[PDB]
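Each chain gets a letter, A, B and so on, in the order its sequence line appears, and its residues count up from 1. Just the heavy atoms: all of them, side chains too, but no hydrogens, waters or symmetry mates, feed the values below.
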Amino acid sequence: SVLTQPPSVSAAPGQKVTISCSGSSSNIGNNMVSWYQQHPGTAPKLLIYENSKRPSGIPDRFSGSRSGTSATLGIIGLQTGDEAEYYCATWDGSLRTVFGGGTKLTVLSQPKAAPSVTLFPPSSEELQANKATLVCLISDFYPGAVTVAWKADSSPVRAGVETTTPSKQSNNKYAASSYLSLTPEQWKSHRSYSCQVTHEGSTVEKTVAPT
Amino acid sequence: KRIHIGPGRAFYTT
Amino acid sequence: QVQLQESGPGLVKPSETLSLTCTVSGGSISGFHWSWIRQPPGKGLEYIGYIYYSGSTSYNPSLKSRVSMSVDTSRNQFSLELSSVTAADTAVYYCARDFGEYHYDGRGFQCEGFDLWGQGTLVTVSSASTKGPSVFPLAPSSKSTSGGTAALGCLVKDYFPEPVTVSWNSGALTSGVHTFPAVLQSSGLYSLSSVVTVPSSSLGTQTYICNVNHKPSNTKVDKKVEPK
């Protein structure tokens, strides 16, 4: 996308954090940035406008700044209520308003935990229906944010990938799943496929083969 | 002429 | 005090036109530029375009061949019309009030943000046909040295609408069971999976069955999952 943000940031309550918004001369370089806070299920809420101005009602522990072709959202004195998705936005020369992909802010309430990954190949039954689905189940991770990448042999693959949003488990950690839809020929024409889950900079991957 | 329309600022062209 | 309220159909047939309206109360359309922003479930925000109270517009180039917006100052409402819709247009649509920078040359209004937002309305592009799922067994893989622990599961593929329930061995097996939220595919249909982690030693003395029930279609399947 035109504007780029890290997918996730986290800190303990009472701590402070910053969220980057990477743009270019076509947007941030010529126009002012606005920021939003969104709690899933409800509409985004304006937090900052004109790079650093705070609308009435927004506490001063939220701040914004812009430098060159990048912008920054700062949050001091983290509270559990601050957990939400944060977005930056501005006008781009392509003639439209653009939003960054969003940053999930987690207020650490338990130790970080790497995801457990289980990958299943297409079933013989599905293959007889002339279909093929690779199922990658991801669980027990915290914070609740991951990035999934699929490999056909050693090559990246984006087409046919559907990944769910992480959901809180009964044990308060998170779960998610990613599905890769393939034709039976694609499945059989590669030596293997891999589901790689990146969490907190560490990647846990699993591989399955048609043989 | 670069005029900043802040949040809630009604602005008229005519 | 100014409040925005969306009004939409909810469900829309693919290829047909999606029509939404936003009602502004406690204030007026006059003097402001207004926009529609959408968010597909679990995904990012996408600006659709803006319309000035006088009628002038600007649309996101990625939707220009299918979108149009209009305004009715007399009712203090503005609308959206999106043609030839597909599942890619399934999302929560919000109307909002805009702010930004205005140039008296040719750039005109540059929308930099949205200060007021409606509550959003979910628009689902689907035939709405009730469809039972296909249930595929996810056999445990090969593992030596006592085999340790084994993971078996069931793929509940292409059903509509939610929800679906899954149990193992008629509910007798709860420890090690993990049923995952469904994924909404580009086909407009749902798919979910359930996995159970069990001791390897008894993969030969214990039968495993995932009991799937999709109530809306009265689809009930008891699939045996065994190692290959």
Side-chain angles (χ1 to χ4, degrees), chain A residues 1-5 19 21-38 43-53 55 64 66 69-71 73 85-103, chain B residues 2-9 11, chain C residues 4 6 20 22 29 32-40 43-53 56-64 66-69 71 78 80 82 89 91-103 106-118 120:
Chain A
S1 61
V2 181
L3 297 183
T4 305
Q5 309 177 227
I19 299 174
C21 178
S22 182
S24 65
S25 61
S26 65
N27 36 264
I28 296 182
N30 286 297
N31 283 274
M32 304 181 90
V33 181
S34 61
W35 292 82
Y36 309 78
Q37 177 191 65
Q38 187 180 213
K45 174 185 179 180
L46 181 69
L47 282 177
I48 298 287
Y49 65 93
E50 283 170 42
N51 297 327
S52 56
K53 299 184 187 182
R66 175 269 193 184
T69 50
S70 73
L73 176 65
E85 192 76 7
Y86 293 80
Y87 300 90
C88 58
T90 193
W91 180 259
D92 181 84
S94 57
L95 307 183
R96 58 186 168 198
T97 294
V98 291
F99 290 95
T103 299
Chain B
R2 301 176 181 178
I3 187 291
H4 298 293
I5 306 305
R9 181 184 186 300
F11 180 70
Chain C
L4 311 189
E6 299 86 352
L20 296 179
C22 184
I29 295 292
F32 292 89
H33 293 85
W34 305 81
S35 289
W36 285 96
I37 295 83
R38 61 177 188 177
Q39 189 168 211
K43 300 189 177 70
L45 294 162
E46 174 180 39
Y47 155 93
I48 295 170
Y50 73 66
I51 183 165
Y52 193 40
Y53 83 87
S56 50
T57 59
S58 178
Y59 308 128
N60 184 319
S62 64
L63 299 175
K64 61 179 183 176
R66 306 189 291 127
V67 68
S68 68
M69 290 167 54
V71 57
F78 67 97
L80 174 73
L82 187 64
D89 299 306
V92 172
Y93 288 69
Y94 300 100
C95 41
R97 195 172 63 178
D98 308 351
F99 63 81
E101 181 174 57
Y102 185 77
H103 298 286
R107 312 193 209 74
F109 183 65
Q110 294 180 143
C111 183
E112 302 175 320
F114 313 95
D115 69 323
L116 241 53
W117 296 66

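Put simply, CH2 on C:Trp117 and CG on A:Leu46 are 9.0 Å apart, with the number rounded to the nearest 0.5 Å. Here C:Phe32 contributes atom CZ and C:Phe78 contributes atom CZ; the two are 12.5 Å apart, rounded to the nearest 0.5 Å. For the atom pair OG of A:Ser34 and CZ of C:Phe114, the computed distance is 7.0 Å after rounding to the nearest 0.5 Å. A:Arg66 CZ to A:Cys21 SG: the interatomic distance, rounded to the nearest 0.5 Å, is 11.5 Å. Expressed to the nearest 0.5 Å, how far CG of A:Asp92 lies from OG of A:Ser25 amounts to 9.0 Å. Considering CG of A:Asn27 and OG of A:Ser94, their distance stands at 8.0 Å, rounded to 0.5 Å.
Side-chain contact between C:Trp36 and C:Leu82 is absent, with no heavy-atom pair separated by less than 4.5 Å. Annotation: side chain of C:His33 is not in contact with side chain of C:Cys111 (no heavy-atom distance under 4.5 Å). Looking only at side-chain heavy atoms (C-beta outward), A:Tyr36 and A:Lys45 stay at 4.5 Å or farther from each other. Side-chain contact between C:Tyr52 and C:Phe109: absent, with no pair of heavy atoms (C-beta onward) separated by less than 4.5 Å. For the pair A:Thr97/C:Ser35, no side-chain contact is recorded, criterion being any heavy-atom separation below 4.5 Å from C-beta on. Counting heavy atoms from C-beta outward, A:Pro55 and A:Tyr49 have side chains that approach closer than 4.5 Å. Here the side chains of A:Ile28 and A:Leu3 are in contact, with some heavy-atom distance below 4.5 Å. The closest side-chain heavy-atom distance from A:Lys53 to B:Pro7 is not below 4.5 Å.
With A:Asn51 contributing its side chain and A:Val33 its backbone, the two residues share a donor-acceptor pair below 3.5 Å. Counting only distance, with no hydrogens or angles, the side chain of C:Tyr59 and the backbone of C:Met69 share a donor-acceptor pair below 3.5 Å. In terms of modelled atom types and a separation under 3.5 Å, the side chain of A:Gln38 and the main chain of A:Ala43 share no donor-acceptor contact.
Side chains of A:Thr90 and A:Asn31: no donor on one and acceptor on the other come within 3.5 Å. In summary, the side chains of C:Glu101 and C:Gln110 do present a donor paired with an acceptor at a separation below 3.5 Å, with no hydrogens or angles considered.
Scanning for salt bridge (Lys or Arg N to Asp or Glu O under 4.0 Å) contacts around C:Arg107 gives C:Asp105, with sequence neighbours left out. Residues passing the salt bridge (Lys or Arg N to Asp or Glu O under 4.0 Å) test with C:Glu46, sequence neighbours excluded: C:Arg38.
Closest heavy-atom contact between A:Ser1 and A:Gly101: OG-N, 4.4 Å. Between C:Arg97 and C:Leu4, the shortest heavy-atom distance links the atoms N-CD1, 3.9 Å. The shortest heavy-atom contact between A:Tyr86 and A:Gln5 is O-NE2, 3.0 Å. When all heavy atoms are compared, the tightest approach of C:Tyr94 to C:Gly120 is CD2-CA, 3.3 Å. When all heavy atoms are compared, the tightest approach of A:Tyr87 to C:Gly44 is OH-CA, 4.3 Å. Nearest heavy-atom pair across C:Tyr47 and C:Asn60 is O-ND2, 3.0 Å.
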Might you work through the side-chain contact (heavy atoms from CB on, under 4.5 Å) test for C:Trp34 and C:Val71, ending with a clear yes or no? CA-CA 9 Å; C:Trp34 305 81; C:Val71 57; 5.9 Å; no
